[PDB]
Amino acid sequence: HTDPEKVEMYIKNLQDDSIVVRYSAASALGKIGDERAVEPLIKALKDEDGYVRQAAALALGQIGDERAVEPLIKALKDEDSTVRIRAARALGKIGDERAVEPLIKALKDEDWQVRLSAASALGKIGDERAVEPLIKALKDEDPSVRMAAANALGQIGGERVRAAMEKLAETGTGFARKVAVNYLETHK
């Protein structure tokens, strides 16, 4: 169900002078989910204001249009950490494989919350290319990132994860060794 008048009113509001009108319009269009707003939101992803970029990234993920896969891959390189978080989660929601290698790089971001969102997104995509980076992420300095990597590994599943857990159970230490030990006990 939609309102074509409201959708076009919010599209025009993305070209407004006020940051606050621009931010509200990107927010509103995300909740609506109309694909008519994909091209204007892709341009709002490049906006001068950080909040407007954050709302545009969140909105594009909520719509789930594949046209947004490449602009969201670029948004993973944004100066604002919360834009990088939303770009990762938006890419996790869409599920496109093109985002796997850029998310793997995002698992090594300076910001802990971006690393948290990258681990989560790779788990939702389920691509086995993420198995080795996620095992490395089990050694992360931040405990939330470790938990999200351990959860993402369980979500991927399969023979490659089990084999990586087998090696970790013997060769590993601390939390990574415990994750591997609890995995083999719940997957045999």
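Residue positions are given as counts along the sequence shown, with the first one as 1.
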| property | result |
| --- | --- |
| Between the two ranges 60-68 and 142-150, the one averaging a larger CA B factor in the entry | 60-68 |
| 131-139 or 30-38, whichever carries the higher mean Cα B-factor | 30-38 |
| Chain third (lowest, middle, highest) by recorded CA B-factor, residue given as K178 | middle |
| Cα B factor band for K74 (lowest, middle or highest third within the chain) | middle |
| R84 by Cα B-factor - lowest, middle or highest third of the modelled chain | lowest |
| Within-chain third of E101 by Cα B-factor, per the entry | middle |
| Chain-wide C-alpha B factor ranking for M9, given as lowest, middle or highest third | highest |
